[PDB]
Amino acid sequence: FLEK
Amino acid sequence: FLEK
Amino acid sequence: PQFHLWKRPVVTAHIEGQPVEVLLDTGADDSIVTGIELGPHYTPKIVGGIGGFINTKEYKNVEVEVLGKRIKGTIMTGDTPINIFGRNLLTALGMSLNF
Amino acid sequence: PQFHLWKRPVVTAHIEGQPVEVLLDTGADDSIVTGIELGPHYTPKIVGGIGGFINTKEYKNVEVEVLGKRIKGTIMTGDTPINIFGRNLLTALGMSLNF
């Protein structure tokens with residue numbers, strides 16, 4: 001999980 | 001990315 | 001059937017009868033869920049991600065119903081911002097990344 | 001062709017001529033790479049993951065050769081422990097999650  |  | 005990845009690949013799962021929205025994630029080795037209670041029979045763990053690491057509780061042989069099938073597997077619980085099903089369960093669901 | 005997920009879905013990519021090992025990750029919104037140098041024309045960003053968040057540099061219209069195709073897209077660089085290609089590039093490679 002990666003988000004900006 | 002997830003790991004132990 | 002398949003997921004075309006213009007949106008987040010998200011499904012509803014039942015963990016020991018409880019319903020949860022989960023993200024299907026090929027870059028996760030393992031699965032981690034929050035807001036579900038699963039017992040005192042756990043082992044302590046720490047998982048690392050992008051911004052650092054967290055403490056988890058590892059539960060084995062948990063009952064999971066998802067995509068019209070019922071499987072048993074390892075789930076961790078901890079303070080994840082989103083719930084993840086990692087490769088350990090995606091293999092058990094017969095999923096592949098296709099191109 | 002497809003990736004059966006018993007092992008990490010990893011491929012080699014060329015970013016502006018430089019070769020890099022990357023993980024194909026459906027739970028990532030975006031892509032982030034380290035150890036590659038890409039220019040002074042970037043915007044500052046912060047991406048959040050599992051253990052917290054990091055500072056990145058966002059570069060647009062970067063040239064990427066992977067899986068016998070050449071595409072242009074957005075790449076961030078920062079202090080990631082592994083390099084990730086997120087959904088933004090996996091859609092451009094015509095990938096789906098199949099079951």
Side-chain angles (χ1 to χ4, degrees), chain C residues 1-6 8-11 13 21-34 45-56 64-69 71 73 76-99, chain D residues 1-6 8-11 13 21-34 45-56 64-69 71 73 76-99:
Chain C
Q2 81 257 129
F3 289 82
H4 283 285
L5 304 160
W6 305 104
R8 279 190 169 173
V10 173
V11 282
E21 282 275 57
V22 289
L23 171 62
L24 310 175
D25 185 340
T26 60
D29 277 354
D30 311 300
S31 313
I32 170 160
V33 139
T34 202
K45 302 285 149 161
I46 39 203
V47 292
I50 270 304
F53 54 76
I54 47 165
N55 297 297
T56 68
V64 188
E65 179 197 346
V66 62
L67 290 173
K69 59 249 280 200
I71 62 162
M76 289 181 253
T77 62
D79 193 18
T80 186
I82 172 126
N83 312 310
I84 341 282
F85 275 12
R87 273 185 308 105
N88 72 313
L89 301 179
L90 307 200
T91 57
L93 302 189
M95 290 183 109
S96 47
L97 195 60
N98 268 42
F99 67 93
Chain D
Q2 81 257 129
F3 289 82
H4 283 285
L5 304 160
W6 305 104
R8 279 190 169 173
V10 173
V11 282
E21 282 275 57
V22 289
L23 171 62
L24 310 175
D25 185 340
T26 60
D29 277 354
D30 311 300
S31 313
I32 170 160
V33 139
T34 202
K45 302 285 149 161
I46 39 203
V47 292
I50 270 304
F53 54 76
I54 47 165
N55 297 297
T56 68
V64 188
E65 179 197 346
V66 62
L67 290 173
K69 59 249 280 200
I71 62 162
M76 289 181 253
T77 62
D79 193 18
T80 186
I82 172 126
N83 312 310
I84 341 282
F85 275 12
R87 273 185 308 105
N88 72 313
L89 301 179
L90 307 200
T91 57
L93 302 189
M95 290 183 109
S96 47
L97 195 60
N98 268 42
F99 67 93

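Order of the sequence lines fixes the chain letters, A, B, ..., with proteins taken first and strands second; residue numbering starts at 1 for each chain.
Considering only heavy-atom pairs separated by less than 4.5 Å from chain C, the leading option among D/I82, D/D25, D/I32 is D/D25. The most heavy-atom pairs under 4.5 Å with chain C, out of D/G52, D/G94, D/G86, come from D/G52. Ranked by heavy-atom pairs under 4.5 Å with chain C, the list D/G49, D/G78, D/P1, D/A28 is led by D/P1.
Residues C/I50 and D/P81 approach most closely at CD1-CD, 3.9 Å, considering heavy atoms. Closest non-hydrogen pair, D/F99 versus C/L93, comes out as CB-O, 4.4 Å.
The backbone N or O of C/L5 lies less than 3.5 Å from no partner atom in the side chain of D/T26, so there is not a single donor-acceptor pair.
Both the backbone and the side chain of D/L97 come within contact range of chain C, with heavy atoms under 4.5 Å apart.
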